[PDB]
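Quick setup: one chain, the form deposited in one PDB entry, written in structure tokens, and binding and motion questions come after.
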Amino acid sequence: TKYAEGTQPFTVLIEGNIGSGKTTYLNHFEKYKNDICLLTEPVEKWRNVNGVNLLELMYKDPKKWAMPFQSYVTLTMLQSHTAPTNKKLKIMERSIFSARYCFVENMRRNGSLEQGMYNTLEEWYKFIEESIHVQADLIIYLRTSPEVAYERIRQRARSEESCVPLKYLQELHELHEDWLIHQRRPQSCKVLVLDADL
């Protein structure tokens, strides 16, 4: 038996590269607020954990902060996935799956996460699949090109993201492609692809 088992409505996950417009897309269901549970912009929690800016620390010193950061991302996603609600529909920005299959994986590849850190995170993900229920009915993939994404990221101008290189976005892009289109990672249940290049 898993925590939050049979407590979640139909759930839609909004996925896409950084700056692909996941939040923008979600602001459209804004008026149906009292009929749909909307969990958006999780980044705000990561930028202020009792005063600490984990997102920034991670970008400045990955070798040391990538692990605690991803562990916190995992926790907050899990909290949203299992959050109680009455509404009949639930839509989330991001999910525990993109954190695992795209970000953690990429950080293992670029050396940000030493092997021992990668394994710890992976062991947590395995235990989570077995002890906690993660409702995932539909995934809307806002497909974009790394260049477009890079543009939007810079226009938003989050101080923490000021040093994010285009290669990084290209790596993340391929990883989203592998998971959501080609389905290389155990998921891709029901995916709806949308051209998010405006």
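Residue numbers run from 1 along the displayed sequence. What we label the rigid core is the largest C-alpha set whose atoms superpose within 1.5 Å from one form to the other.
Another form exists, deposited in another entry; not displayed. Remarks below refer to it.
*Asks:* I want to make sure I read this right: if the two forms are fitted on their rigid core, which of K60, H133, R158, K64 has a C-alpha displacement of 2 angstroms or more between the shown form and the other one?
*Replies:* Shifted by 2 Å or more: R158 only.
*Asks:* Please say whether the CA atoms of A157 and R109 come closer or move farther apart in that other deposited form, knowing the change relative to this form is 3 Å or more.
*Replies:* Distance between the C-alphas of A157 and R109: longer in that other deposited form, by 3 Å or more.
*Asks:* Versus the form shown, are the CA atoms of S162 and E93 closer or farther apart in that other deposited form, given a shift of 3 angstroms or more?
*Replies:* Closer together, by at least 3 Å.
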